[PDB]
Amino acid sequence: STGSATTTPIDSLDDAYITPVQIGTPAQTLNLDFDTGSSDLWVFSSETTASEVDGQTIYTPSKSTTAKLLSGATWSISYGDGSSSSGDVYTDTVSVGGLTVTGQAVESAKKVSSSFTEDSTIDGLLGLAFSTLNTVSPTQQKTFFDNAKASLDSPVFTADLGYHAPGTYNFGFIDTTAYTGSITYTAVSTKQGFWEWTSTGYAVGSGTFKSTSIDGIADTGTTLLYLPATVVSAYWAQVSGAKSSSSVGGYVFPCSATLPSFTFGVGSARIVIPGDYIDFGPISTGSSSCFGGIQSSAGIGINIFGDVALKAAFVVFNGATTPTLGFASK
Ligand SMILES: N[C@H]1[C@H](O)[C@@H](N2CCC[C@H]2CO)[C@@H]2OC[C@H]1O2
């Protein structure tokens, strides 16, 4: 089997991407944030505290003839931005772009934090990291990909995110028309439950390539590119007037600037992030200070190749017995 679904930016800045997902019988379509940095599929639901729902589409398990309570199971998760959610669990039929998994754990939110409530466009999360990170207790549950894997033509999925445009998530096949040149594959460590890999270095604009190992994760659920402070400083030093603002929460730059590109290494290959991809616009409406798309990972504990990096590439998440990551230009 295979699946193919379009993923769409939630706003003009590509702050996140949503992908339609069919849950239950008859189908209830929710727009979920596909997140290769976590491993829970959770949704706004008929069980979500009413005051914490503001415009989201909800899953109502009582209206699904294939829904079954996963008796006694609960979940609770917190993310890198301090957001959180928790609740109980149903199993139900879940389909993504024509690919169907029966008995998928669908985690129903009883509570969500303010950032989720305020995000009217995101109806929940679909985790695509390794199932070892799944938070369901007392019986840990498998991700949609984990469940689908054996049935797939190939045990892979791909992320093809657009810059200020829709893109594609494919399951079970590699679309050879979707990228240019070749795909460079690189080793993955699953020790922390992430798609963790080691970049071979970086360049700023037309500058020389710096060969240096940068361990990080491929994370579609993180908006920006988070790298060591040394690397981030070298980038922003090439933008006149750019500076780190503790009050704003990171590097800002004059909205009048032209941003340089940023290159990262994948083995001997190179992925070039155009300067425009690194612009996240005025810090507040009308401001002439703009927020940067490359930020320090210093206060995170891990480097994160988020959407800013991934959208510059065609990315293969290879879930073979020995997992690997592939990157191609496009
Ligand atoms: N990386 C996580 C992120 O920190 C969460 N935030 C919650 C509101 C949107 C987003 C802000 O960027 C979201 O859930 C899991 C994943 O994406």
# chains A, B, ... in the order shown; residues from 1 in each chain; ligands from 1
$ residues_around --residues "residue 148 (chain A)" --least-positions-apart "4" --cutoff "7 Å" --atoms "only C-alpha atoms" --output "list in words"
residues 101, 144 and 152 of chain A
$ residues_near_ligand --ligand "ligand 1" --cutoff "6 Å" --atoms "only C-alpha atoms and all ligand atoms" --output "JSON, numbers by chain"
{"A": [79, 80, 81, 83, 115, 116, 221, 222, 223]}
$ select_by_dssp --residues "region 63-115 of chain A" --states "strand (DSSP E or B)" --output "PyMOL selection string"
chain A and resi 68-78+84-96+99-112
$ write_last_selection --atoms "N, CA and C atoms" --output "short mmCIF file (atom, residue, chain, number, x, y, z; two decimals), in the first residue's frame"
data_model
loop_
_atom_site.label_atom_id
_atom_site.label_comp_id
_atom_site.auth_asym_id
_atom_site.auth_seq_id
_atom_site.Cartn_x
_atom_site.Cartn_y
_atom_site.Cartn_z
N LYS A 68 -13.32 2.49 19.66
CA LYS A 68 -13.39 1.71 20.88
C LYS A 68 -12.51 2.36 21.93
N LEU A 69 -13.05 2.56 23.13
CA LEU A 69 -12.23 3.04 24.23
C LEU A 69 -11.07 2.08 24.48
N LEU A 70 -9.85 2.61 24.57
CA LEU A 70 -8.72 1.82 25.02
C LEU A 70 -8.73 1.92 26.54
N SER A 71 -9.38 0.96 27.18
CA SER A 71 -9.77 1.08 28.57
C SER A 71 -8.58 1.26 29.50
N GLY A 72 -8.61 2.33 30.29
CA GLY A 72 -7.59 2.62 31.27
C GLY A 72 -6.38 3.38 30.77
N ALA A 73 -6.30 3.59 29.46
CA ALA A 73 -5.15 4.26 28.88
C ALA A 73 -5.28 5.78 29.00
N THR A 74 -4.20 6.42 29.42
CA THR A 74 -4.16 7.88 29.45
C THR A 74 -2.87 8.35 28.79
N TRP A 75 -2.81 9.64 28.48
CA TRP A 75 -1.63 10.21 27.86
C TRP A 75 -1.44 11.63 28.35
N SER A 76 -0.20 12.10 28.30
CA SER A 76 0.14 13.43 28.74
C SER A 76 1.47 13.79 28.11
N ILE A 77 1.51 14.92 27.40
CA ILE A 77 2.71 15.28 26.67
C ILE A 77 3.00 16.76 26.86
N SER A 78 4.28 17.10 26.82
CA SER A 78 4.69 18.49 26.82
C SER A 78 5.75 18.66 25.75
N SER A 84 1.38 21.88 26.00
CA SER A 84 1.04 20.57 26.53
C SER A 84 -0.40 20.19 26.26
N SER A 85 -0.68 18.90 26.42
CA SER A 85 -2.02 18.36 26.27
C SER A 85 -2.06 17.00 26.93
N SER A 86 -3.27 16.53 27.24
CA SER A 86 -3.43 15.25 27.91
C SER A 86 -4.86 14.75 27.77
N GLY A 87 -5.08 13.46 28.02
CA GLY A 87 -6.42 12.92 27.93
C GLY A 87 -6.47 11.40 27.99
N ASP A 88 -7.48 10.82 27.35
CA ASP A 88 -7.61 9.36 27.30
C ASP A 88 -7.50 8.91 25.85
N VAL A 89 -7.80 7.64 25.57
CA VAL A 89 -7.41 7.05 24.30
C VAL A 89 -8.50 6.15 23.73
N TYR A 90 -8.73 6.29 22.43
CA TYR A 90 -9.60 5.41 21.66
C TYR A 90 -8.76 4.71 20.61
N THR A 91 -9.19 3.55 20.16
CA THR A 91 -8.64 3.03 18.91
C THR A 91 -9.69 3.25 17.83
N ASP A 92 -9.24 3.56 16.62
CA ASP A 92 -10.15 3.79 15.51
C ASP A 92 -9.40 3.64 14.20
N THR A 93 -10.15 3.66 13.11
CA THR A 93 -9.59 3.62 11.77
C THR A 93 -9.09 5.00 11.38
N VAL A 94 -7.84 5.08 10.94
CA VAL A 94 -7.24 6.35 10.56
C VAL A 94 -6.67 6.22 9.16
N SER A 95 -7.02 7.17 8.28
CA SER A 95 -6.50 7.15 6.92
C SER A 95 -5.81 8.47 6.59
N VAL A 96 -4.68 8.36 5.90
CA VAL A 96 -3.92 9.51 5.43
C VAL A 96 -3.69 9.35 3.95
N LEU A 99 -4.12 5.87 2.56
CA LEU A 99 -3.51 4.79 3.34
C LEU A 99 -4.25 4.60 4.65
N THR A 100 -4.72 3.39 4.92
CA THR A 100 -5.59 3.15 6.06
C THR A 100 -4.95 2.25 7.11
N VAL A 101 -5.02 2.69 8.36
CA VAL A 101 -4.62 1.86 9.50
C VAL A 101 -5.82 1.61 10.39
N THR A 102 -6.12 0.34 10.64
CA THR A 102 -7.18 0.02 11.59
C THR A 102 -6.56 -0.16 12.97
N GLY A 103 -7.33 0.15 14.01
CA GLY A 103 -6.85 0.01 15.37
C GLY A 103 -5.76 0.98 15.79
N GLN A 104 -5.68 2.13 15.11
CA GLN A 104 -4.75 3.18 15.49
C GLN A 104 -5.15 3.81 16.81
N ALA A 105 -4.19 4.01 17.71
CA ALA A 105 -4.47 4.77 18.92
C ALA A 105 -4.68 6.24 18.58
N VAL A 106 -5.88 6.73 18.88
CA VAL A 106 -6.25 8.12 18.70
C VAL A 106 -6.42 8.70 20.10
N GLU A 107 -5.52 9.59 20.46
CA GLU A 107 -5.47 10.13 21.81
C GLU A 107 -6.36 11.35 21.89
N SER A 108 -7.42 11.24 22.67
CA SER A 108 -8.42 12.28 22.78
C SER A 108 -8.04 13.27 23.87
N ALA A 109 -7.91 14.55 23.52
CA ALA A 109 -7.51 15.55 24.50
C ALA A 109 -8.66 15.91 25.42
N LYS A 110 -8.40 15.83 26.73
CA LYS A 110 -9.31 16.40 27.72
C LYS A 110 -8.87 17.83 28.05
N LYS A 111 -7.56 18.07 27.99
CA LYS A 111 -6.98 19.38 28.27
C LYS A 111 -5.93 19.70 27.22
N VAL A 112 -5.88 20.97 26.80
CA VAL A 112 -4.80 21.48 25.96
C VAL A 112 -4.35 22.83 26.49
#
$ residues_around --residues "region 300-312 of chain A" --least-positions-apart "3" --cutoff "8 Å" --atoms "only C-alpha atoms" --output "ChimeraX atom specification"
/A:16,80,159-163,214-228,271-274,277-278,293-294,297,315,329-330
$ write_last_selection --atoms "C-alpha atoms" --output "PDB file, in the first residue's frame"
ATOM      1  CA  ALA A  16       3.319  25.081  10.770  1.00  0.00           C
ATOM      2  CA  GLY A  80       9.691  22.179  23.375  1.00  0.00           C
ATOM      3  CA  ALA A 159       8.377  15.068   3.590  1.00  0.00           C
ATOM      4  CA  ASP A 160       8.285  17.607   0.781  1.00  0.00           C
ATOM      5  CA  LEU A 161       7.399  20.888   2.483  1.00  0.00           C
ATOM      6  CA  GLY A 162       6.742  24.010   0.437  1.00  0.00           C
ATOM      7  CA  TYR A 163       8.037  27.520   0.951  1.00  0.00           C
ATOM      8  CA  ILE A 214      26.432  18.909  13.915  1.00  0.00           C
ATOM      9  CA  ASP A 215      24.213  16.354  15.621  1.00  0.00           C
ATOM     10  CA  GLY A 216      20.537  17.191  15.350  1.00  0.00           C
ATOM     11  CA  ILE A 217      17.046  15.943  14.629  1.00  0.00           C
ATOM     12  CA  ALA A 218      14.872  16.168  11.519  1.00  0.00           C
ATOM     13  CA  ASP A 219      11.713  17.674  12.969  1.00  0.00           C
ATOM     14  CA  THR A 220       8.743  18.669  10.803  1.00  0.00           C
ATOM     15  CA  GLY A 221       6.886  19.837  13.911  1.00  0.00           C
ATOM     16  CA  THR A 222       9.394  22.594  14.683  1.00  0.00           C
ATOM     17  CA  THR A 223       9.151  25.808  12.660  1.00  0.00           C
ATOM     18  CA  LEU A 224      12.723  27.108  12.774  1.00  0.00           C
ATOM     19  CA  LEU A 225      16.304  25.910  12.402  1.00  0.00           C
ATOM     20  CA  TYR A 226      18.011  25.636  15.818  1.00  0.00           C
ATOM     21  CA  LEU A 227      21.789  25.288  15.718  1.00  0.00           C
ATOM     22  CA  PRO A 228      24.784  25.828  18.016  1.00  0.00           C
ATOM     23  CA  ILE A 271      21.383  21.584   0.906  1.00  0.00           C
ATOM     24  CA  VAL A 272      21.002  25.322   0.299  1.00  0.00           C
ATOM     25  CA  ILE A 273      18.383  27.239   2.267  1.00  0.00           C
ATOM     26  CA  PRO A 274      17.572  30.464   0.356  1.00  0.00           C
ATOM     27  CA  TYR A 277      13.267  31.090   3.889  1.00  0.00           C
ATOM     28  CA  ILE A 278      14.952  32.572   6.970  1.00  0.00           C
ATOM     29  CA  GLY A 293      14.505  31.705  11.043  1.00  0.00           C
ATOM     30  CA  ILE A 294      17.868  30.470  12.320  1.00  0.00           C
ATOM     31  CA  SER A 297      19.763  25.736  20.235  1.00  0.00           C
ATOM     32  CA  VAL A 315      13.458  14.350   2.809  1.00  0.00           C
ATOM     33  CA  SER A 329      17.671  19.213  -3.493  1.00  0.00           C
ATOM     34  CA  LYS A 330      14.451  20.108  -5.318  1.00  0.00           C
TER      35      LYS A 330
END
$ closest_residue --among "A:158, A:2, A:26, A:37" --to "residue 196 (chain A)" --atoms "only C-alpha atoms"
A:37
$ select_by_dssp --residues "region 64-126 of chain A" --states "alpha helix (DSSP H)" --output "list in words"
residues 114, 115, 116, 117 and 118 of chain A
$ residues_around --residues "region 164-175 of chain A" --least-positions-apart "2" --cutoff "8 Å" --atoms "only C-alpha atoms" --output "ChimeraX atom specification"
/A:1-9,12-14,99,149,152-162,177-179,316
$ atom_distance --atom1 "CA of residue 283 (chain A)" --atom2 "CA of residue 11 (chain A)"
15.0 Å
$ atom_distance --atom1 "CA of residue 275 (chain A)" --atom2 "CA of residue 238 (chain A)"
11.5 Å
$ decode --residues "region 87-119 of chain A" --atoms "N, CA and C atoms" --output "PDB file, in the first residue's frame"
ATOM      1  N   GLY A  87      -5.078  13.463  28.019  1.00  0.00           N
ATOM      2  CA  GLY A  87      -6.419  12.915  27.926  1.00  0.00           C
ATOM      3  C   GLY A  87      -6.466  11.405  27.986  1.00  0.00           C
ATOM      4  N   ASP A  88      -7.480  10.821  27.353  1.00  0.00           N
ATOM      5  CA  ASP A  88      -7.610   9.365  27.300  1.00  0.00           C
ATOM      6  C   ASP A  88      -7.498   8.910  25.846  1.00  0.00           C
ATOM      7  N   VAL A  89      -7.797   7.645  25.571  1.00  0.00           N
ATOM      8  CA  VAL A  89      -7.410   7.051  24.297  1.00  0.00           C
ATOM      9  C   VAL A  89      -8.498   6.151  23.729  1.00  0.00           C
ATOM     10  N   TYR A  90      -8.728   6.287  22.426  1.00  0.00           N
ATOM     11  CA  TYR A  90      -9.598   5.407  21.655  1.00  0.00           C
ATOM     12  C   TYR A  90      -8.756   4.714  20.610  1.00  0.00           C
ATOM     13  N   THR A  91      -9.186   3.546  20.155  1.00  0.00           N
ATOM     14  CA  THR A  91      -8.637   3.033  18.912  1.00  0.00           C
ATOM     15  C   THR A  91      -9.686   3.246  17.827  1.00  0.00           C
ATOM     16  N   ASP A  92      -9.237   3.558  16.619  1.00  0.00           N
ATOM     17  CA  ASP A  92     -10.153   3.785  15.510  1.00  0.00           C
ATOM     18  C   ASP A  92      -9.398   3.644  14.203  1.00  0.00           C
ATOM     19  N   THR A  93     -10.147   3.664  13.110  1.00  0.00           N
ATOM     20  CA  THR A  93      -9.585   3.620  11.773  1.00  0.00           C
ATOM     21  C   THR A  93      -9.093   5.004  11.380  1.00  0.00           C
ATOM     22  N   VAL A  94      -7.841   5.085  10.943  1.00  0.00           N
ATOM     23  CA  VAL A  94      -7.237   6.351  10.562  1.00  0.00           C
ATOM     24  C   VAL A  94      -6.674   6.221   9.157  1.00  0.00           C
ATOM     25  N   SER A  95      -7.016   7.166   8.285  1.00  0.00           N
ATOM     26  CA  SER A  95      -6.498   7.153   6.922  1.00  0.00           C
ATOM     27  C   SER A  95      -5.808   8.467   6.587  1.00  0.00           C
ATOM     28  N   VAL A  96      -4.678   8.358   5.898  1.00  0.00           N
ATOM     29  CA  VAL A  96      -3.925   9.514   5.433  1.00  0.00           C
ATOM     30  C   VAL A  96      -3.694   9.347   3.951  1.00  0.00           C
ATOM     31  N   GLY A  97      -4.278  10.230   3.150  1.00  0.00           N
ATOM     32  CA  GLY A  97      -4.030  10.212   1.723  1.00  0.00           C
ATOM     33  C   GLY A  97      -4.258   8.861   1.068  1.00  0.00           C
ATOM     34  N   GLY A  98      -5.298   8.151   1.505  1.00  0.00           N
ATOM     35  CA  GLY A  98      -5.627   6.857   0.931  1.00  0.00           C
ATOM     36  C   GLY A  98      -5.026   5.638   1.615  1.00  0.00           C
ATOM     37  N   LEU A  99      -4.125   5.867   2.565  1.00  0.00           N
ATOM     38  CA  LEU A  99      -3.509   4.792   3.338  1.00  0.00           C
ATOM     39  C   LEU A  99      -4.250   4.603   4.650  1.00  0.00           C
ATOM     40  N   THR A 100      -4.715   3.390   4.918  1.00  0.00           N
ATOM     41  CA  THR A 100      -5.587   3.153   6.057  1.00  0.00           C
ATOM     42  C   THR A 100      -4.951   2.252   7.107  1.00  0.00           C
ATOM     43  N   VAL A 101      -5.019   2.686   8.361  1.00  0.00           N
ATOM     44  CA  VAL A 101      -4.620   1.857   9.496  1.00  0.00           C
ATOM     45  C   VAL A 101      -5.819   1.607  10.388  1.00  0.00           C
ATOM     46  N   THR A 102      -6.122   0.341  10.639  1.00  0.00           N
ATOM     47  CA  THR A 102      -7.178   0.023  11.585  1.00  0.00           C
ATOM     48  C   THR A 102      -6.558  -0.157  12.970  1.00  0.00           C
ATOM     49  N   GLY A 103      -7.328   0.153  14.005  1.00  0.00           N
ATOM     50  CA  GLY A 103      -6.849   0.010  15.370  1.00  0.00           C
ATOM     51  C   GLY A 103      -5.758   0.985  15.786  1.00  0.00           C
ATOM     52  N   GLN A 104      -5.683   2.127  15.113  1.00  0.00           N
ATOM     53  CA  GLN A 104      -4.747   3.179  15.486  1.00  0.00           C
ATOM     54  C   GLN A 104      -5.154   3.812  16.809  1.00  0.00           C
ATOM     55  N   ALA A 105      -4.194   4.007  17.707  1.00  0.00           N
ATOM     56  CA  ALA A 105      -4.475   4.767  18.920  1.00  0.00           C
ATOM     57  C   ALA A 105      -4.683   6.240  18.579  1.00  0.00           C
ATOM     58  N   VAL A 106      -5.881   6.730  18.879  1.00  0.00           N
ATOM     59  CA  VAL A 106      -6.249   8.125  18.705  1.00  0.00           C
ATOM     60  C   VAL A 106      -6.423   8.700  20.100  1.00  0.00           C
ATOM     61  N   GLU A 107      -5.516   9.594  20.463  1.00  0.00           N
ATOM     62  CA  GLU A 107      -5.468  10.125  21.814  1.00  0.00           C
ATOM     63  C   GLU A 107      -6.359  11.354  21.886  1.00  0.00           C
ATOM     64  N   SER A 108      -7.420  11.243  22.667  1.00  0.00           N
ATOM     65  CA  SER A 108      -8.424  12.284  22.780  1.00  0.00           C
ATOM     66  C   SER A 108      -8.044  13.275  23.869  1.00  0.00           C
ATOM     67  N   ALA A 109      -7.913  14.550  23.516  1.00  0.00           N
ATOM     68  CA  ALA A 109      -7.510  15.553  24.496  1.00  0.00           C
ATOM     69  C   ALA A 109      -8.660  15.911  25.424  1.00  0.00           C
ATOM     70  N   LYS A 110      -8.402  15.826  26.725  1.00  0.00           N
ATOM     71  CA  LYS A 110      -9.305  16.398  27.715  1.00  0.00           C
ATOM     72  C   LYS A 110      -8.872  17.827  28.047  1.00  0.00           C
ATOM     73  N   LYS A 111      -7.565  18.071  27.990  1.00  0.00           N
ATOM     74  CA  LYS A 111      -6.985  19.379  28.265  1.00  0.00           C
ATOM     75  C   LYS A 111      -5.929  19.705  27.223  1.00  0.00           C
ATOM     76  N   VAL A 112      -5.881  20.967  26.805  1.00  0.00           N
ATOM     77  CA  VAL A 112      -4.800  21.476  25.960  1.00  0.00           C
ATOM     78  C   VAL A 112      -4.348  22.830  26.492  1.00  0.00           C
ATOM     79  N   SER A 113      -3.081  23.170  26.282  1.00  0.00           N
ATOM     80  CA  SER A 113      -2.564  24.447  26.753  1.00  0.00           C
ATOM     81  C   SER A 113      -2.937  25.571  25.794  1.00  0.00           C
ATOM     82  N   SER A 114      -2.690  26.800  26.225  1.00  0.00           N
ATOM     83  CA  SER A 114      -3.177  27.982  25.521  1.00  0.00           C
ATOM     84  C   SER A 114      -2.703  28.091  24.070  1.00  0.00           C
ATOM     85  N   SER A 115      -1.458  27.714  23.789  1.00  0.00           N
ATOM     86  CA  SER A 115      -0.931  27.806  22.430  1.00  0.00           C
ATOM     87  C   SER A 115      -1.732  26.944  21.463  1.00  0.00           C
ATOM     88  N   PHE A 116      -2.253  25.823  21.953  1.00  0.00           N
ATOM     89  CA  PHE A 116      -3.073  24.978  21.097  1.00  0.00           C
ATOM     90  C   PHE A 116      -4.453  25.601  20.880  1.00  0.00           C
ATOM     91  N   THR A 117      -5.079  26.063  21.955  1.00  0.00           N
ATOM     92  CA  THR A 117      -6.377  26.726  21.865  1.00  0.00           C
ATOM     93  C   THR A 117      -6.351  27.893  20.877  1.00  0.00           C
ATOM     94  N   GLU A 118      -5.267  28.661  20.917  1.00  0.00           N
ATOM     95  CA  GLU A 118      -5.117  29.851  20.082  1.00  0.00           C
ATOM     96  C   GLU A 118      -4.847  29.538  18.605  1.00  0.00           C
ATOM     97  N   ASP A 119      -4.400  28.314  18.346  1.00  0.00           N
ATOM     98  CA  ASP A 119      -4.153  27.829  16.997  1.00  0.00           C
ATOM     99  C   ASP A 119      -5.425  27.214  16.427  1.00  0.00           C
TER     100      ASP A 119
END
